[PDB]
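First, one chain by itself in structure tokens, the form deposited in one PDB entry.
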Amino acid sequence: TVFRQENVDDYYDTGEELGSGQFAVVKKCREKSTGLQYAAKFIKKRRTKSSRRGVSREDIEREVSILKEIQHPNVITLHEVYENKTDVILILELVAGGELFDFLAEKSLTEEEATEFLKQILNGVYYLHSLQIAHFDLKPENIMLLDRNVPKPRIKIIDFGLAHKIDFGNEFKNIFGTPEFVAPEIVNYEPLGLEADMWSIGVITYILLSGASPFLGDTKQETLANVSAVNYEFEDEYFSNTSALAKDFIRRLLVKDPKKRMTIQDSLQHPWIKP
């Protein structure tokens, strides 16, 4: 698929940089015709087929295709796509309250505060999984707050750069995100499905409740080895006043066998979550 090849600067003005990663930089922008504000994500293109730098067009098109499908309060939405020789530029919904990662660095949350966030994340993921979309990169850095100066911040899931349609129940691809958050099947290069996201939610929940990462080692290989072995425990110093039901919820997500792991529907019916 080809995208708009007019200069994006003809139609938008950019402002504050929101952040950057290995292949993308995201800048606040404003559409000239409407005054409405967006986040412009500049994704660097591959400049030869055998190169390892930039993002392959296949990978860019997959992210765009997935984003075009989604419309839900807890997920980022796509406004427009432009491209030039160097970049594909996604004009995305602006979420200006910062990363859940940074919000957490300020606070450990109460179970109420944790479940307020978690319920939104679960609602977003329920929507995605209902459409057979696995996100594959869920972590606090990819959860953005709309406004962080309110008692119960609303959130949106971002960064669909690893997301895939799972129309055959699994994908077998060497899809691989951040060691602290990837499921054992990712670590072991096994077929992957919606279940991998549920593991990541378990890790996120552990972090929300304790401020500690359950599998984090001193090096990435240690973290990955810990994940594969399900080497985590609930340290009493962090979890002494955490309910047994909260621990139960986490325990049923951090399960090595994807078939035995709670699904998104299970998570919404679990007694810690269910109203």
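We call the rigid core whatever largest set of C-alpha positions still superposes within 1.5 Å between the two forms. Numbering starts at 1 and runs along the sequence shown.
Participant: Zero if continuous, otherwise a range: how many residues of the deposited sequence are missing coordinates between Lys173 and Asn174 (none, 1 to 3, 4 to 9, 10 or more)?
Facilitator: Unmodelled stretch: none, continuous chain.
Participant: So, looking at the entry's B-factor column for Cα atoms, which has the higher mean, 42-50 or 222-230?
Facilitator: Result of the comparison: 42-50.
Participant: For the stretches 97-105 and 180-188, which has the higher mean C-alpha B-factor as given in the deposited record?
Facilitator: Looking at the record's C-alpha B-factors, the answer is 97-105.
Participant: In terms of CA temperature factor as recorded, identify the highest of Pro140, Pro153, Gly161, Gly202.
Facilitator: Each of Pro140, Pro153, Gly161, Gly202 was compared by C-alpha B-factor; the highest is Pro153.
Participant: Highest Cα B-factor in the deposition, which of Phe249, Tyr206, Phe239, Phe215?
Facilitator: It is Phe239.
Participant: Ordered by C-alpha B-factor within the chain, which third holds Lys274? Give me lowest, middle or highest, please.
Facilitator: Tercile = highest for this residue's CA B-factor.
Participant: Sorting the chain's CA B-factors, does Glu63 end up in the lowest, middle or highest third?
Facilitator: Lowest third of the chain for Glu63's C-alpha B-factor.
Participant: Can you tell me whether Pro73 has a C-alpha B-factor in the lowest, middle or highest third compared with the other modelled residues of the same chain?
Facilitator: It falls in the middle third of the chain.
Participant: Hey, what third does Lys259 fall into on Cα B-factor, ranked over its chain?
Facilitator: It falls in the top third of the chain.
Participant: Going by the CA temperature factor in the PDB record, which third of the chain does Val25 belong to: lowest, middle or highest?
Facilitator: Middle third.
Separately, the form deposited in another entry exists; it is not shown, and the next lines address it.
Participant: Superpose on the core and compare between this form and the one not shown; which one of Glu171, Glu141, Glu93, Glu80 crosses the 2 Å Cα shift mark?
Facilitator: Shifted by 2 Å or more: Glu171 only.
Participant: Fitting the rigid core first, would the Cα of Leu131 be found 2 Å or more away between this form and the one not shown?
Facilitator: Shift at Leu131: below 2 Å after core fit.
Participant: Distance change of 3 Å or more between the C-alpha atoms of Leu268 and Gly169 in the other entry: closer or farther compared with this structure?
Facilitator: Their C-alpha distance grows by at least 3 Å in the other entry.
Participant: By 3 Å or more, the Cα spacing of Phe172 and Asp59 differs in the other entry; is it closer or farther than in this view?
Facilitator: The answer is closer, because the C-alphas of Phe172 and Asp59 approach each other in the other entry by 3 Å or more.
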